[PDB]
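**Student:**
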Amino acid sequence: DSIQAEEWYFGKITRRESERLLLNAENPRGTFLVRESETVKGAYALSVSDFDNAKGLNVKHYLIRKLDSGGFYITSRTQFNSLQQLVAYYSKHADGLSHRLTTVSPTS
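So the number in the deposited numbering is just where the residue sits in the sequence shown, counting from 1, plus 143.
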């Protein structure tokens, strides 16, 4: 399964575009997508709707680094063979994120 086949993989969308999709008040907390990183060439960003105690609705952006040796991580101690495995893991428990992944971003 290539990442391009996954409903949560948005590719080369901007950070601004990810926020426009995810700040929808209809979206459950933990609505998410994965995009190419605009900051680190070859990395990915996990963008996730959130509700903060002081700031209210917001989008969290987590940098997914790529090891040249193979594999992906948001934290160095927690490595995955694929972005699909990373998504599945953070869908079960936050483990470091503000909130677990709950909902694949609508296409808006």
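We put the beta carbon where it would ideally sit given N, CA and C, even for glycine.
Pull the bridge partners of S234 from the DSSP assignment, please.
**Tutor:** As a position in the sequence shown, residue 234 is number 91, starting the count at 1. Answer by DSSP bridge pairing: none, since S234 is not bridged.
**Student:** Grab the span of the alpha helix (DSSP H) containing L164 for me, first residue to last.
**Tutor:** On the sequence shown, position 21 is the one that residue 164 refers to. Counting along the chain, the alpha helix (DSSP H) containing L164 begins and ends at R158 to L165.
**Student:** So is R220 buried or exposed if we call it buried at 16+ other beta carbons inside 10 Å?
**Tutor:** Here the question's residue 220 lines up with position 77 in the sequence shown. Counting the other CB atoms within 10 Å of its CB gives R220 a total below 16, which places it among the exposed residues.
**Student:** Under 8 Å by Cβ, that's how I've got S192 and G173 pegged, so tell me the actual separation to the nearest angstrom.
**Tutor:** For the purposes of this step, residue 192 is taken as the residue at position 49 of the sequence shown. For the purposes of this step, residue 173 is taken as the residue at position 30 of the sequence shown. Contact flag correct, Cβ pair sits at about 7 Å.
**Student:** Tell me the DSSP secondary structure of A148 in three-state form.
**Tutor:** Sequence index remark: in the sequence shown, residue 148 carries index 5 (1-based). Reduced to three states, the DSSP call for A148 is helix.
**Student:** Measure the Cβ-Cβ separation of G239 and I217 and say whether it is below 8 Å.
**Tutor:** Here residue 239 is taken as the residue at index 96 of the sequence shown, counted from 1. Here residue 217 is taken as the residue at index 74 of the sequence shown, counted from 1. In this structure, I217 lies closer than 8 Å to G239 by Cβ.
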